[PDB]
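Presented as structure tokens, the chain that follows is alone, the form deposited in one PDB entry.
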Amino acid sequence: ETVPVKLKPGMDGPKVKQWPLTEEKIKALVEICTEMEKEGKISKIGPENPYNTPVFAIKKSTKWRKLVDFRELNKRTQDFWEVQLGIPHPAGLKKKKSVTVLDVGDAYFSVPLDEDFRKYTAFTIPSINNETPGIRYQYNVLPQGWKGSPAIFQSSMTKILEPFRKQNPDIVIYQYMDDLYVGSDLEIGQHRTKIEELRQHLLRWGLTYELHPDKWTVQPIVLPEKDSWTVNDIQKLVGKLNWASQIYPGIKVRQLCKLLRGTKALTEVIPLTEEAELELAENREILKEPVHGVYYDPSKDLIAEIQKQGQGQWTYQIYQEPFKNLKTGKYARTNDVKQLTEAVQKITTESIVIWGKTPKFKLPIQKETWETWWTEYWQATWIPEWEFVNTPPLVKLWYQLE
């Protein structure tokens, strides 16, 4: 019994080119796909299918997994999965002491895919040195990575979760793409026991970290505590504070600006005044608490900006309106691309938990470096949207830590 899927009028299916893959990754995919074809999950296709979606091989565990990039198909089917069959996001999930993430993607293999939508799921296995044309396939069942799969499957998911929910009314379960987010206020042993219990319920239907969102405390803009302050240090502080006033309402800086008078050497020691120190502390107390006036608009896209701080640390901010930060934070711990990949997954997970949406990333890296290498370290079953930026020299300074 198939659910009919429709694209937005005038919008055609994805025609996205395939990235060159290493021999190892091609072999891994040929073997995976040979088996899915044997099981009737996918079928070899003809040239009459002009559509294409990229395919990659990750590790996620020492076993190769197939990752399909449905980013384009998702944007094109947005109406179906968001308004026609939207999965509501629970506001309580972010409040729980422990959230466990379980992959449920293997559930989609059971449900067949609307015969007229199948062509849009086309993908190619490339060939080294263009020896052969690629191996082409399309899906016969709900695919892993397409937002329409949990949308269709949510009625089947409700039946599976009905007993477990009824017996644990204070346990929040949320489905995002191929994953199940399970939150509780139970002790870590009890929580881990209830997860194992839940896996048993899933096991009867063919379905086979933790995060601590209550412990998610945003990194405030940090102002230094010092004995002696130079001209250079006050200049650095006014710079940092002048910018914070764009975000935080009620930041004063005139008492600090007052100290900087005349053409002076940067190294020269300047003594603190009573009102400058009061201004310094009043701003210090503001940055502690979240920014007043900033609220999530469910109709707007989320954006995430990341800065490289050196020494294995990375800072990030999530907003919908530039500088109107919904969340700020940091990531720590070799390799710049590996570390960046890691931060991207962490920020995305936090956004799925807090708003039920992945953010659009502004990455401080070259398109080509990122495209060649991100798949060597990627472990998530989803892929967020990204773009490449040239980090402003000062934004890094203003978001620094200690």
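We call the rigid core whatever largest set of C-alpha positions still superposes within 1.5 Å between the two forms. From 1 onward, residues are counted along the sequence shown.
Below: the form deposited in another entry, not depicted.
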{"query": "Displaced residue between this form and the one not shown, judged on C-alpha after the rigid core is fitted, out of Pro133, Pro249, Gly312, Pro163 (threshold 2 Å or more)", "finding": "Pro249"}
{"query": "Post core alignment: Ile286 C-alpha displaced by 2 Å or more between this form and the one not shown", "finding": "yes"}
{"query": "Large Cα move at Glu274 between this form and the one not shown, threshold 2 Å, rigid core", "finding": "yes"}
